[PDB]
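Undergrad: Below you will find the structure I want to go over with you.
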There are 6 protein chains.
Amino acid sequence: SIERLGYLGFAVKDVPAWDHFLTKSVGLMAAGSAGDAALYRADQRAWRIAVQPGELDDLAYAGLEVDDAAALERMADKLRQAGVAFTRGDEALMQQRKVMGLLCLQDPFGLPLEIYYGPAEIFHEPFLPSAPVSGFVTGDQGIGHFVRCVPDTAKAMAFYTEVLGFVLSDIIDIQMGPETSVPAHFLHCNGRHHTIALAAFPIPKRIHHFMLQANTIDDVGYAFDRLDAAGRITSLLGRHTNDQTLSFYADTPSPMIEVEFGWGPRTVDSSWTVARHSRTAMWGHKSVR
Amino acid sequence: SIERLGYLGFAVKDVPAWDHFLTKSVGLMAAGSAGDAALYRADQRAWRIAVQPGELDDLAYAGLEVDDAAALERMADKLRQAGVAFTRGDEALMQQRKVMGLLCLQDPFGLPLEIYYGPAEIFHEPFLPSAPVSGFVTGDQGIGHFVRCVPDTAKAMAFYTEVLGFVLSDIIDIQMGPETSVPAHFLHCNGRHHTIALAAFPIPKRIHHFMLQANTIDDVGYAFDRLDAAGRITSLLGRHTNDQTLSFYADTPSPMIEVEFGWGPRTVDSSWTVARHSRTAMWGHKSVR
Amino acid sequence: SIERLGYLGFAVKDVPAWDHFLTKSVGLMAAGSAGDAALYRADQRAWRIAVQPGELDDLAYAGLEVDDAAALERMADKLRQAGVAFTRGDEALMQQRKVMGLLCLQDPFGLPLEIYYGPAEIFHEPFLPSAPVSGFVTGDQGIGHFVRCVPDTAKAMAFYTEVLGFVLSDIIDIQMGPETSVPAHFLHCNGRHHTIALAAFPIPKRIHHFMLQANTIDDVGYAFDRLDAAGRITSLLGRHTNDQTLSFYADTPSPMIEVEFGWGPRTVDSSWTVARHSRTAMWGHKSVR
Amino acid sequence: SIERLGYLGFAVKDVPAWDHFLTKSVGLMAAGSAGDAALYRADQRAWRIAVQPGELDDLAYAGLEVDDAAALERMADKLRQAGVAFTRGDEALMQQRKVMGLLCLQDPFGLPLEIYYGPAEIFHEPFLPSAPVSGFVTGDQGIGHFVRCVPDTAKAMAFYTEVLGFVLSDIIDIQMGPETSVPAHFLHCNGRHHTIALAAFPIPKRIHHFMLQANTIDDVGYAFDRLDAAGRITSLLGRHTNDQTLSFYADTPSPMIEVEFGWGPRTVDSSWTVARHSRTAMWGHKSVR
Amino acid sequence: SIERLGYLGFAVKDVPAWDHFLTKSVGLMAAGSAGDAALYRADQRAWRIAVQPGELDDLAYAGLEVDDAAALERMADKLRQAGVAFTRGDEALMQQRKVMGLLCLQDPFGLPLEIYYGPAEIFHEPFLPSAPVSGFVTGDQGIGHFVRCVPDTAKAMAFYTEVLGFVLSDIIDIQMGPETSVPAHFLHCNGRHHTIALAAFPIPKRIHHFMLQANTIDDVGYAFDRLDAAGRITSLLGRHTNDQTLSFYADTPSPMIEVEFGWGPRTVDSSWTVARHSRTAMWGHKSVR
Amino acid sequence: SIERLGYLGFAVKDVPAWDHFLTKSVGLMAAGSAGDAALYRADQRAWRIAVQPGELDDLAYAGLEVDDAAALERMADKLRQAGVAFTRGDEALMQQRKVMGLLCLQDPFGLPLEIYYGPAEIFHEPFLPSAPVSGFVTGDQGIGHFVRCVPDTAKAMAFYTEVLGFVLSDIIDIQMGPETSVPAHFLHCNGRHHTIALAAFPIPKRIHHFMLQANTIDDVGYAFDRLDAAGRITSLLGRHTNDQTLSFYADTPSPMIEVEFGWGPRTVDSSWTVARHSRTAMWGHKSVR
Ligand SMILES: Oc1cccc(-c2ccccc2)c1O
Ligand SMILES: Oc1cccc(-c2ccccc2)c1O
Ligand SMILES: Oc1cccc(-c2ccccc2)c1O
Ligand SMILES: Oc1cccc(-c2ccccc2)c1O
Ligand SMILES: Oc1cccc(-c2ccccc2)c1O
Ligand SMILES: Oc1cccc(-c2ccccc2)c1O
Ligand SMILES: [Fe+3]
Ligand SMILES: [Fe+3]
Ligand SMILES: [Fe+3]
Ligand SMILES: [Fe+3]
Ligand SMILES: [Fe+3]
Ligand SMILES: [Fe+3]
């Protein structure tokens, strides 16, 4: 029922660092501010990522998009049936988020989630990257994806699939140690191999990282050099086993939260069949320190 | 349930001006007459636009097309269920309109609407433009679209979507003044981004304008020069924010009713998601006097 | 429910003339005999057209194909519900027709119809035309189409659509005289614009003609010269208004029954909308004597 | 050396008939007049065919186009070397013809020929057919072709190939009688299978016919019906053996001079090899009276 | 309901011969062992074919794949409703098979069948053929197909279609003798023309052969020479009548069980219609001794 | 300078056997006779292969085609310069061969060669195969190729390359025995990998075989079964190392002269580089007895 991931809001300790990070390194376009939140664009939407000050230094919320007013009421019906508490956003929030309607709730482990519809677009202000990137792959596949750290994956799974309508793509047993592995569950709600992944990681953050997809392989190559120069590279280039995304990882100015910049993944559809992988990379992704 | 907009009938004060306008400027083909109505063709249909004399100087009616006899009965069922009054057109009207069956009704604010099926085609009389235009984009997308002025957009919306089956594409807040904006609602019933748009404009006409789509960008460029020479240009070339149509506007011989001549729009489908725009043009469309 | 027209059986007064006609003129391949019926092939099927001796000099029967055993039982259910009498073909008939199962019935006006499934194919005996024709367009669209003469078109319509599942494509008012026209109804049951057309013609035959589609335009051009040399041309090349088929007509050795040899038609689908035409040809088809 | 056939000038006894013929039947666009010559357009050139009054009722001249000023001087050099008399057109003629430079000469048998360059184009006045024809195939292949009647084909051949640079495509032995055949020689100077054909026909005209190529097969089909209605059809549709053009012939208002309206021919190139044919048609072209 | 054939397990008397056969001749990649079973890969799956020691010298089991956990429960529901006995595989079996969940059952005639989901993939260990083969066609179509010998085809048919969800593609009457033929029934559960065929053959094996599809025609040509050198060819190259697969047959080291190596078949879909053939080959496949 | 191989003339002891062979087995079309020679067609040419009675049971002559009259004179110039004797064919021979001009000569070892131009085509008599073959690949690549047995390959090479203009493609050392190999030289004069191959074979014929190329792989497969039924197969299907042609060989009714029926070869061009192969087949072609 949730169609795609449309926006992300972060509450960070270093807004200037995050502003420089998202623009000069990642290539996003600065798009003014809404309240105490600095806004950034990746395409035609008024904003895709918001950054406001806060001790959290973590994702503050995520906007899940539906296609119309009716779909939103249908989600209210689901949440209601599932016993999930939610509050319809008021005019002020709608104004702040620049959406036509929204429902505010939280996932089973405290992550604020906003289900909306009717997002604002500004085609009269053509997207202009702040760094050399031909463009970002969004559209029907949403802004990208993020890995949600959860203390109980089964509990998380039931919510995201049974309540939100996400669908399991596959599972990767991410090796933590010699005899330790974390079964990461990748979920989709559209063509993007996965929009949200759930994993019981021993990390104190709401998310492990968020991912952005560029149009070309060179976009990623160039972006790697930029973040390397910034001294934030955490992994070498590589290609995943499940989505076949070619990317690299880097630290965001927020401790223990990374960003993934990738290209050319594999998209899902009706015929998708669940599989299991023992590695996150078919090649590359060597961890960097 | 309504499949597309098939024809338009205008009641004007200056038939000769309208005849010259539709043929020499727009490029339509003169196709004889039906009663006191002069007929004009854009493709293989016997007629697409009818022009008869009248003080109205406004759209007299619009023909909404369904695919077969069964679909028409199904519409009668809807109108009946919704409590919408209608009269089945008699043999004479069917003859006049050149259709196999039709239902005559009015929208909530007085615009006569005719739901029909079985339109007449004359492939043995190949369309020949009266001006240089490679052709018009019609087919499954109908003759084009028109903006319906309404005093109550919510009231209009309920009728066109709930009763006629149109679907909201998006909304544009058209700036009227410094602190004044009119939320124009664009609706589709097929692949054309929008076939009918509803807007509470302070205009004394049933419609703000009707639009025709040409096959090439040059068709539009040439058409602009023709209407400029006629001294009827009301807007420079531009591209819309929502449908991405590249067009220009011009006055029809009927005061306060314009025509839009465009090309290369963006078509809708099942995956279409509702969005909101603050401008009607991503570029161009500068108003001309 | 009927998927396509698979075969035709004729009972004629001049088998040798019909044999020469179907092979040397039309280009079909002689495929032996079944009982007193000479068989002819157009593709991979064991036979497509059968010709046996009889005073009738008319179509003796038509085979309507479904996709499997279940579909055939479902047709028996329909016929049963509609009160249409039918007899399940015995082993001998199944052997004669080379099908896995069939139901024998008649349309409302005496035309024997056989609904079957599981037709025999002989890919080990590659089709070889008896005249220069690159090939015939059959496949999912069946062997071609035929025009069924009926005394009551409404009565015929109810049967073919309501009972057999055919769907009305469009109507052409075929001019018979000065103030006389016959509304021919074209029906499809697949992609072929029409597989069966119903028309109240003042002809003493069960059908007006049967049609075969060739792969190229030259196939038709060459075929025209062959039948001209045979002195059987009844019409010049032309293109229809509704299906856009480019063809010509010619007399079969059976008085008042013609054959149409065409190419490059227009195929139908879910989006097909019913229309009406005043001519059968957009160009050509001038009647020849 | 001659690049293509660019224009034709006719001197006829019935200008009104020729005007109606070229516009309403053929579909050309009326383009004003130059002197006592009425001009007609087929594309972006100022004019392609000129028609002036004269007892001749025959082609008055043909314009052979080269690509630039240097090429024209190079032709003067050839004509000079070959001993062919010619007169450089004056300013007035250049103005009349709307070309930048031209050489006036005659072929060995009296046909005035004008070799020019720098033709006038009027893209600001988009071509508009006077009849339903999607367009004409000209471009690098020139306006079309024509069959030049000559009393001595060898003599004609030496001139057109050795002096003008045309190249023999193939030969067709056109049957005149029981034991009589005329070897028609087809020549090209570009991609069009042939721009000029030489044949020793027992006809009192400079040419047997001129040919125009349309964009679609329907253009030809429709054009056939128009000229049939005019009662000028001289041949049924057909396809040639050598160029594979699908066309039909019709009488021009000038006795013994016809016009050919065709489509989809076969173009030549470096790899073209000379062949011989015994018929002018692979199918069709049955002579009509 | 069964989506595709994912794996095969054989119990043979000569493991070394089978190891050499599958790798050096067929081209599969050796992939270690699971228990006393040697594993072989054809693509990204951990294993596709398992070979363990046993007197059987026959297929020991076949794994039928579904797309997810829910689909597997839905199969349990079917088996339960149909009265088919089955045992949910334990953790150990799941580990041995490298799947997320499975149901163990038998077809009506003793062939062990395992319905599973969540297969293991190892993209970090790219498939490497042990012989020159560009690759194998698997994906959504599964590992290939196999012919199941049954004593009662009707009984077998009811199970595979009514219980497992396979669908009849067509039937071939395979000639056994002068007046003896076996009606082989080909079934699909996806795009592969057939994944399982049922035939009442007078052979003492559970299957007649298993088939693997290569990417190119040369893969098959080369593979033929390899198995010829091994002296195992049982049939010359040929093309089937029903699936249009171009292949050859060869003996596996297990008496009376062959292997088919083919390419370029014809795939099925919703529009597939049941047909009957009298031969298994349109050409070739001459039996070799 | 020689553009392609256009025709072949055989002098055989069994014309009826050769007639049946070329038509029912190979699929060629019977095209009447010229003198005591029976003619056969493969495409639009009047004839491609001629068969007359003679004790020779060998190729009687080969026609080498040039593109025009000038090219033929240029060949006369070469032959003259090289000291090669030749006789210009008279009117009668030209009539017999159906060409516009020809030069008769012999290669260094007695094979009569005819260099011609202006071949006759009969598009009004569409090619119709006498057996199921979709068509033959000829066109600019000529009728096919043949292997010329020579006692001195160097001597033969100098003539065909230095005098006729053929170009060496590559060489294959065809194994004759344990320590015996014959270096076969493949030559092209156009896109066909080779039109003539020279090899010092211990065979008493002028040629080892002639080759024909079909349009599809099935054409070859079907043709194999036909010649197998005729009991003339001399080799199994295979693919060559140099031209990558997939074919099979079979005996012609003339002792020690075979025919090769192939498909999908590799064509040459300016960039072709000479290479050497140790085998004639990359796979298949196993010799059959
Ligand atoms: O796109 C992706 C595909 C597969 C695995 C990961 C992943 C890697 C490390 C930690 C968490 C997830 C990922 O990001
Ligand atoms: O095609 C269109 C797309 C977006 C806006 C308009 C519009 C502009 C001015 C007044 C009313 C509508 C339009 O015509
Ligand atoms: O394919 C076709 C399309 C339209 C009309 C006819 C038709 C013409 C004359 C008599 C009956 C039918 C037809 O055959
Ligand atoms: O385009 C063409 C191709 C072949 C022949 C003719 C031709 C026919 C009759 C008289 C003169 C020429 C032609 O026009
Ligand atoms: O792929 C195939 C298609 C058609 C028949 C067979 C077959 C042949 C011999 C014995 C059993 C089946 C086959 O394998
Ligand atoms: O097309 C071909 C390509 C390579 C070799 C041969 C050949 C084989 C045996 C004897 C002579 C030539 C051939 O025909
Ligand atoms: Fe990621
Ligand atoms: Fe508009
Ligand atoms: Fe018809
Ligand atoms: Fe011509
Ligand atoms: Fe098989
Ligand atoms: Fe060869």
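Please note that chains go A, B, ... in the order of the structure tokens, that every chain numbers its residues from 1, and that ligands are numbered from 1 in the order shown.
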Residues of chain B within 10 Å of chain D, using only C-alpha atoms, as a VMD selection string?
TA: chain B and resid 124 to 135 218 to 219 222 225
Undergrad: At a cut-off of 8 Å around ligand 12, and using only C-alpha atoms and all ligand atoms, what residues come up? Please write them as a list in words.
TA: residues 145, 146, 147, 209, 210, 211 and 260 of chain F
Undergrad: Could you tell me, counting only C-alpha atoms and all ligand atoms, which protein and nucleic acid residues lie no more than 12 Å from ligand 10, written as number ranges by chain?
TA: D: 144-148, 172, 184-187, 192-199, 207-213, 238-250, 257-263, 265, 280-281, 285
Undergrad: Take the residues just selected and output them with C-alpha atoms as a CSV table (one decimal), in the first residue's frame.
TA:
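Result file follows (selection-v2.csv):
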```csv
chain,number,residue,atom,x,y,z
D,144,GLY,CA,11.2,12.4,-59.4
D,145,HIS,CA,11.9,11.0,-62.9
D,146,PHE,CA,10.7,11.1,-66.5
D,147,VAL,CA,10.9,8.9,-69.6
D,148,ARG,CA,12.6,10.6,-72.5
D,172,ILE,CA,13.6,-3.4,-69.7
D,184,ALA,CA,14.1,1.1,-72.4
D,185,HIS,CA,17.3,2.3,-70.6
D,186,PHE,CA,16.9,3.5,-67.0
D,187,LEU,CA,19.6,5.9,-65.6
D,192,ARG,CA,16.5,7.1,-57.0
D,193,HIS,CA,16.6,3.9,-59.1
D,194,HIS,CA,16.2,6.1,-62.1
D,195,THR,CA,15.8,9.9,-62.7
D,196,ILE,CA,15.7,9.6,-66.5
D,197,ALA,CA,14.9,6.7,-68.8
D,198,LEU,CA,15.5,6.7,-72.5
D,199,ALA,CA,13.3,4.7,-74.9
D,207,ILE,CA,8.4,12.4,-72.9
D,208,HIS,CA,6.1,9.5,-72.2
D,209,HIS,CA,5.4,10.6,-68.6
D,210,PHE,CA,6.9,12.2,-65.5
D,211,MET,CA,6.7,10.5,-62.1
D,212,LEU,CA,6.1,11.7,-58.5
D,213,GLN,CA,6.8,9.7,-55.4
D,238,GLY,CA,1.2,-2.4,-60.0
D,239,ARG,CA,4.8,-2.8,-59.0
D,240,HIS,CA,7.7,-2.4,-61.4
D,241,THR,CA,10.3,-5.1,-62.0
D,242,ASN,CA,13.3,-2.9,-61.8
D,243,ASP,CA,12.7,-0.1,-59.3
D,244,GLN,CA,10.0,-2.0,-57.4
D,245,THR,CA,7.9,1.1,-57.3
D,246,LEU,CA,4.2,0.6,-56.5
D,247,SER,CA,2.2,3.0,-58.7
D,248,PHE,CA,-0.5,3.7,-61.3
D,249,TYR,CA,-0.6,5.8,-64.4
D,250,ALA,CA,-3.0,8.5,-65.5
D,257,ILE,CA,1.7,12.5,-71.9
D,258,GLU,CA,0.9,10.6,-68.7
D,259,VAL,CA,1.8,10.9,-65.0
D,260,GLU,CA,2.9,8.2,-62.6
D,261,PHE,CA,2.1,8.3,-58.9
D,262,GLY,CA,4.1,5.8,-56.9
D,263,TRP,CA,5.5,4.7,-53.6
D,265,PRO,CA,10.7,2.0,-54.7
D,280,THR,CA,7.9,-3.5,-66.8
D,281,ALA,CA,5.7,-4.9,-64.0
D,285,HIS,CA,-0.2,-2.2,-64.1
```
Undergrad: Can you tell me which residues surround region 57-63 of chain C at a distance of at most 8 Å, considering only C-alpha atoms, apart from same-chain residues fewer than 4 positions away, and format the answer as number ranges by chain?
TA: C: 5-13, 111-116, 205-207, 254-255, 257
Undergrad: Once you have the residues from the selection above, write them out as a PDB file, in the first residue's frame, restricted to N, CA, C and O atoms.
TA:
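Saved result, selection.pdb, follows:
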```
ATOM      1  N   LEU C   5     -11.187 -18.556 -35.459  1.00  0.00           N
ATOM      2  CA  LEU C   5     -11.743 -19.397 -36.516  1.00  0.00           C
ATOM      3  C   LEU C   5     -10.572 -20.249 -37.011  1.00  0.00           C
ATOM      4  O   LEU C   5      -9.586 -19.718 -37.537  1.00  0.00           O
ATOM      5  N   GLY C   6     -10.682 -21.565 -36.834  1.00  0.00           N
ATOM      6  CA  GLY C   6      -9.611 -22.465 -37.230  1.00  0.00           C
ATOM      7  C   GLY C   6      -9.712 -23.174 -38.570  1.00  0.00           C
ATOM      8  O   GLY C   6      -8.692 -23.386 -39.232  1.00  0.00           O
ATOM      9  N   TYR C   7     -10.916 -23.563 -38.980  1.00  0.00           N
ATOM     10  CA  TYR C   7     -11.056 -24.241 -40.260  1.00  0.00           C
ATOM     11  C   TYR C   7     -12.405 -24.035 -40.923  1.00  0.00           C
ATOM     12  O   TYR C   7     -13.376 -23.629 -40.281  1.00  0.00           O
ATOM     13  N   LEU C   8     -12.444 -24.312 -42.223  1.00  0.00           N
ATOM     14  CA  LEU C   8     -13.655 -24.172 -43.019  1.00  0.00           C
ATOM     15  C   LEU C   8     -13.825 -25.387 -43.923  1.00  0.00           C
ATOM     16  O   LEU C   8     -12.852 -25.902 -44.487  1.00  0.00           O
ATOM     17  N   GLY C   9     -15.070 -25.842 -44.043  1.00  0.00           N
ATOM     18  CA  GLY C   9     -15.376 -26.977 -44.888  1.00  0.00           C
ATOM     19  C   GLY C   9     -16.395 -26.541 -45.921  1.00  0.00           C
ATOM     20  O   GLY C   9     -17.432 -25.987 -45.570  1.00  0.00           O
ATOM     21  N   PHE C  10     -16.094 -26.765 -47.197  1.00  0.00           N
ATOM     22  CA  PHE C  10     -17.003 -26.391 -48.277  1.00  0.00           C
ATOM     23  C   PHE C  10     -17.544 -27.652 -48.971  1.00  0.00           C
ATOM     24  O   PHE C  10     -16.844 -28.662 -49.073  1.00  0.00           O
ATOM     25  N   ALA C  11     -18.792 -27.583 -49.432  1.00  0.00           N
ATOM     26  CA  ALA C  11     -19.431 -28.675 -50.165  1.00  0.00           C
ATOM     27  C   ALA C  11     -19.687 -28.052 -51.543  1.00  0.00           C
ATOM     28  O   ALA C  11     -20.583 -27.226 -51.703  1.00  0.00           O
ATOM     29  N   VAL C  12     -18.897 -28.443 -52.536  1.00  0.00           N
ATOM     30  CA  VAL C  12     -19.004 -27.848 -53.866  1.00  0.00           C
ATOM     31  C   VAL C  12     -19.334 -28.771 -55.038  1.00  0.00           C
ATOM     32  O   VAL C  12     -19.129 -29.983 -54.982  1.00  0.00           O
ATOM     33  N   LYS C  13     -19.829 -28.174 -56.115  1.00  0.00           N
ATOM     34  CA  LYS C  13     -20.197 -28.929 -57.303  1.00  0.00           C
ATOM     35  C   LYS C  13     -19.001 -29.253 -58.192  1.00  0.00           C
ATOM     36  O   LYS C  13     -19.039 -30.199 -58.972  1.00  0.00           O
ATOM     37  N   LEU C 111     -26.270 -22.618 -40.156  1.00  0.00           N
ATOM     38  CA  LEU C 111     -24.882 -22.871 -40.491  1.00  0.00           C
ATOM     39  C   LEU C 111     -24.267 -23.803 -39.462  1.00  0.00           C
ATOM     40  O   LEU C 111     -24.172 -23.467 -38.286  1.00  0.00           O
ATOM     41  N   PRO C 112     -23.853 -25.001 -39.891  1.00  0.00           N
ATOM     42  CA  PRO C 112     -23.251 -25.937 -38.937  1.00  0.00           C
ATOM     43  C   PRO C 112     -21.960 -25.360 -38.368  1.00  0.00           C
ATOM     44  O   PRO C 112     -21.102 -24.872 -39.114  1.00  0.00           O
ATOM     45  N   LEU C 113     -21.834 -25.406 -37.048  1.00  0.00           N
ATOM     46  CA  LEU C 113     -20.643 -24.898 -36.380  1.00  0.00           C
ATOM     47  C   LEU C 113     -20.039 -25.976 -35.481  1.00  0.00           C
ATOM     48  O   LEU C 113     -20.761 -26.691 -34.774  1.00  0.00           O
ATOM     49  N   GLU C 114     -18.715 -26.096 -35.517  1.00  0.00           N
ATOM     50  CA  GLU C 114     -18.025 -27.077 -34.694  1.00  0.00           C
ATOM     51  C   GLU C 114     -17.034 -26.379 -33.778  1.00  0.00           C
ATOM     52  O   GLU C 114     -16.076 -25.765 -34.243  1.00  0.00           O
ATOM     53  N   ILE C 115     -17.280 -26.455 -32.475  1.00  0.00           N
ATOM     54  CA  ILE C 115     -16.381 -25.852 -31.501  1.00  0.00           C
ATOM     55  C   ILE C 115     -15.403 -26.952 -31.067  1.00  0.00           C
ATOM     56  O   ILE C 115     -15.808 -27.977 -30.511  1.00  0.00           O
ATOM     57  N   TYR C 116     -14.115 -26.738 -31.314  1.00  0.00           N
ATOM     58  CA  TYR C 116     -13.119 -27.746 -30.994  1.00  0.00           C
ATOM     59  C   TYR C 116     -11.900 -27.238 -30.248  1.00  0.00           C
ATOM     60  O   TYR C 116     -11.745 -26.044 -29.996  1.00  0.00           O
ATOM     61  N   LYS C 205     -26.626 -17.455 -50.486  1.00  0.00           N
ATOM     62  CA  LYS C 205     -25.553 -18.255 -49.922  1.00  0.00           C
ATOM     63  C   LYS C 205     -25.420 -18.035 -48.419  1.00  0.00           C
ATOM     64  O   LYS C 205     -25.888 -17.029 -47.881  1.00  0.00           O
ATOM     65  N   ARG C 206     -24.790 -18.990 -47.742  1.00  0.00           N
ATOM     66  CA  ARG C 206     -24.594 -18.902 -46.303  1.00  0.00           C
ATOM     67  C   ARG C 206     -23.578 -17.822 -46.005  1.00  0.00           C
ATOM     68  O   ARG C 206     -23.602 -17.198 -44.945  1.00  0.00           O
ATOM     69  N   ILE C 207     -22.679 -17.605 -46.950  1.00  0.00           N
ATOM     70  CA  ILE C 207     -21.666 -16.591 -46.781  1.00  0.00           C
ATOM     71  C   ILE C 207     -21.482 -15.834 -48.080  1.00  0.00           C
ATOM     72  O   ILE C 207     -21.808 -16.332 -49.162  1.00  0.00           O
ATOM     73  N   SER C 254     -17.560 -21.502 -56.877  1.00  0.00           N
ATOM     74  CA  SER C 254     -18.941 -21.659 -56.427  1.00  0.00           C
ATOM     75  C   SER C 254     -19.683 -20.339 -56.608  1.00  0.00           C
ATOM     76  O   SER C 254     -19.366 -19.341 -55.960  1.00  0.00           O
ATOM     77  N   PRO C 255     -20.681 -20.321 -57.506  1.00  0.00           N
ATOM     78  CA  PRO C 255     -21.505 -19.152 -57.819  1.00  0.00           C
ATOM     79  C   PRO C 255     -21.996 -18.361 -56.616  1.00  0.00           C
ATOM     80  O   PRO C 255     -22.642 -18.911 -55.726  1.00  0.00           O
ATOM     81  N   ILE C 257     -20.169 -16.904 -54.298  1.00  0.00           N
ATOM     82  CA  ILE C 257     -19.304 -16.982 -53.129  1.00  0.00           C
ATOM     83  C   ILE C 257     -17.942 -16.524 -53.609  1.00  0.00           C
ATOM     84  O   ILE C 257     -17.388 -17.097 -54.545  1.00  0.00           O
TER      85      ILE C 257
END
```
Undergrad: Residues near residue 223 (chain F), anyone? I mean within 7 Å using only C-alpha atoms, not counting same-chain ones fewer than 3 positions away, as a list in words.
TA: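 In the requested format, the answer is residues 25, 26, 219, 220, 226 and 227 of chain F.
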Undergrad: As a ChimeraX atom specification, please: all residues of region 215-286 of chain D that backbone DSSP puts in alpha helix (DSSP H).
TA: /D:217-229
Undergrad: So that I can check the secondary structure, give me every residue of region 70-205 of chain B assigned strand (DSSP E) by backbone DSSP, as a PyMOL selection string.
TA: chain B and resi 86-88+101-106+112-117+120-121+145-149+167-175+181-188+196-199
Undergrad: Convert the current residue selection to file output with C-alpha atoms, as a CSV table (one decimal), in the first residue's frame.
TA:
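Result file result.csv:
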```
chain,number,residue,atom,x,y,z
B,86,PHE,CA,-30.7,13.0,-18.4
B,87,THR,CA,-32.7,12.5,-21.6
B,88,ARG,CA,-31.9,9.8,-24.2
B,101,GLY,CA,-26.7,6.4,-29.2
B,102,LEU,CA,-26.5,9.3,-26.7
B,103,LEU,CA,-27.6,10.6,-23.3
B,104,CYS,CA,-28.1,14.3,-22.8
B,105,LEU,CA,-27.5,15.8,-19.4
B,106,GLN,CA,-25.8,18.8,-17.8
B,112,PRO,CA,-24.8,20.5,-21.5
B,113,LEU,CA,-23.0,17.2,-21.8
B,114,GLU,CA,-23.7,14.4,-24.3
B,115,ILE,CA,-22.5,10.9,-23.5
B,116,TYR,CA,-22.3,8.9,-26.8
B,117,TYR,CA,-20.9,5.9,-28.6
B,120,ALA,CA,-19.2,8.2,-37.6
B,121,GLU,CA,-15.8,8.0,-39.4
B,145,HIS,CA,-9.1,19.0,-23.4
B,146,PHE,CA,-10.8,22.1,-22.0
B,147,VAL,CA,-10.8,24.1,-18.7
B,148,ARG,CA,-14.2,24.2,-17.1
B,149,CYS,CA,-14.9,27.3,-15.0
B,167,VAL,CA,-9.5,10.9,-12.2
B,168,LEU,CA,-7.5,13.7,-10.6
B,169,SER,CA,-4.1,14.1,-12.1
B,170,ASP,CA,-2.7,17.0,-10.1
B,171,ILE,CA,-3.4,20.5,-8.9
B,172,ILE,CA,-1.9,23.8,-9.8
B,173,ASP,CA,-2.4,26.9,-7.7
B,174,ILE,CA,-2.8,29.5,-10.4
B,175,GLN,CA,-1.8,32.9,-9.1
B,181,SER,CA,-4.7,31.9,-6.0
B,182,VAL,CA,-7.1,29.5,-7.7
B,183,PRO,CA,-6.5,25.7,-7.2
B,184,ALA,CA,-7.0,24.3,-10.7
B,185,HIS,CA,-7.8,20.6,-10.7
B,186,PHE,CA,-6.7,18.6,-13.7
B,187,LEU,CA,-8.6,15.3,-14.5
B,188,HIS,CA,-8.0,12.5,-16.9
B,196,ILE,CA,-11.0,18.3,-18.3
B,197,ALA,CA,-9.7,20.8,-15.7
B,198,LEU,CA,-11.9,22.5,-13.1
B,199,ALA,CA,-11.0,26.0,-11.8
```
Undergrad: Can you tell me how far CA of residue 35 (chain D) sits from CA of residue 232 (chain D), in Å to one decimal?
TA: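 One can read the CA of residue 35 (chain D) to CA of residue 232 (chain D) distance as 29.1 Å.
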